[PDB]
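Presented below, as structure tokens, is a lone chain in the form solved without the DNA and RNA.
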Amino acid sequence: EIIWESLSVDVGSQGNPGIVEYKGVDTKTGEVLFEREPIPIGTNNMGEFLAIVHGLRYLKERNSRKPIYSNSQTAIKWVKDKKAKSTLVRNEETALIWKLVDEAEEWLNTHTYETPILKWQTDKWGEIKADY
């Protein structure tokens, strides 16, 4: 069943790579809790990975036990493995997104968290609340 007292995150992307952003919202109310300023060059999967890790950091700072929902099986897998498996080339244009991803991985490797990371079931519950 759906846990309404939770944080839902999602990514907004264009091109491949292209401009990427993400946000986290309250699953019940739709209130926006955090938003990432558009990154000029990145991929959808990298954005989704960053969104989940930002959510983990957000909930940990606030001592919250609410779970996080993501509609990305890939990103959820990457976070649990503490390793983003993007195939995006590493060059000057992609340096910022890679730096953020590398730092998000480092955060996962150096912190613990109690947050369950759950799959949002789009087919049965409608679009994830944080959808763009």
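A residue's number is simply how far along the shown sequence it sits, counting from 1.
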If you average the CA temperature factors over each stretch, which comes out higher, 21 to 29 or 114 to 122?
114 to 122
Looking at the entry, does 88 to 96 or 36 to 44 show the higher mean C-alpha B-factor?
88 to 96
Divide the modelled residues of the chain into thirds by Cα B-factor and specify which third, lowest, middle or highest, holds residue 70.
lowest
Entry-reported C-alpha B-factor of residue 57 relative to its chain, by third, is lowest
Would you please rank residue 2 by its C-alpha temperature factor against the other modelled residues of its chain and give the third it falls in: lowest, middle or highest?
highest
Of the three thirds of the chain ranked by Cα temperature factor, residue 81 occupies the highest
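Another form exists, deposited with the DNA and RNA bound; not displayed. Remarks below refer to it.
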Options 103 to 111, 24 to 32, 70 to 78, 56 to 64; stretch whose heavy atom lies within 4.5 Å of the DNA and RNA in the bound PDB entry:
70 to 78
Partner proximity in the bound PDB entry: residue 90 to the DNA and RNA, non-hydrogen atom cutoff 4.5 Å:
no
In the bound PDB entry, is there a heavy atom of the DNA and RNA that lies within 4.5 Å of any heavy atom of residue 46, even though the partner is absent here?
yes
Even though the DNA and RNA is not shown here, does residue 85 get within 4.5 Å of it in the bound PDB entry, heavy atoms only?
yes
Can you check whether residue 115 is within 4.5 Å of the DNA and RNA in the bound PDB entry, heavy atom basis?
no
What are the residues of 10 to 44, in order along the chain, with a heavy atom within 4.5 Å of the DNA and RNA in the bound PDB entry?
10, 11, 12, 13, 14, 15, 16, 17, 43, 44
